[PDB]
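# Understanding the architecture of this molecule
As a plain string of letters, each chain reads:
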Amino acid sequence: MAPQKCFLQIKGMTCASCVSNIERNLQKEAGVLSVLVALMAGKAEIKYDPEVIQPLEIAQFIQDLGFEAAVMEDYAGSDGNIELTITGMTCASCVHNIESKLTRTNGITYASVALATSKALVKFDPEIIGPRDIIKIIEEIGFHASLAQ
């Protein structure tokens, strides 16, 4: 398939085995078939399939099971749905301009640039355009967009 990794954290953690049950449950949810929870550090990295399963559906599963699933921020950074850290920018106008540049691209359907965090989410079709062109565009401005990942 096109496996996309999702970076989230759990809040709950009964301790002994509830995470362990949760892992098995998610392996049977739908398009997700990799669990990478570090119960030690307290992170759930997994690999879902966005065209079949969606993060909020996941959340519903976790909520039903009786935990909180909250993404770190980094909901993926993967295929179509990438994210970038934009360095050099330091003004709302620069944000607006970047977002204009992005939206100017045929494929990109929603961008969301968040300066307080200093990353940008980008939602395009990974065939008609590619990240390097976006990079080039912002290089032409004079920013640096590095996949924060």
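Reading the values: rules and limits
- Residues numbered from 1 in each chain as written, not as in the entry; some residues may be left out.
- Heavy atoms only, no water.
- 1 Å grid on protein atoms, 1.4 Å probe; cavity = no way out; pocket = protein on both sides within 12 Å on 5 of 7 lines; lining within 4 Å.
- Points joined across faces, edges and corners; volume = space filled by probe spheres on them.
- Helix = DSSP H or I, 4+ residues; strand = E, 2+ residues; numbered from the N terminus.
- Salt bridge = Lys/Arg side-chain N within 4 Å of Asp/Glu carboxyl O.

In the nomenclature of the PDB entry, the protein chain is known as Copper-transporting ATPase 2 of Homo sapiens. What the PDB record gives as the title of this entry is "Solution structure of apoWLN5-6".

## Comments concerning empty space enclosed by the protein
Tallied over the full model, the rule gives two cavities of 30 Å³ or more. Volume-wise, the largest cavity comes out at about 100 Å³. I10, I22, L26, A44 and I46 are, among the 14 residues lining the largest cavity, the residues nearest its centre. The set of elements that each furnish at least two residues to the lining of the largest cavity consists of β1 (4-11), α1 (18-27), β2 (35-38), β3 (43-48) and α2 (55-65).

## Focus: the pattern of salt bridges
Under the definition given, this model contains three salt bridges. Across the pair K119 and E73 runs a salt bridge, and its minimum N-O distance is 3.3 Å. Residue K119 is found in strand β7 (residues 119-123), and its partner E73 is found in the loop between β4 (68-71) and β5 (81-87); the two are separated by 46 residues along the sequence. Several salt bridges share partner residues, and in doing so they unite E73, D74 and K119 into one network.

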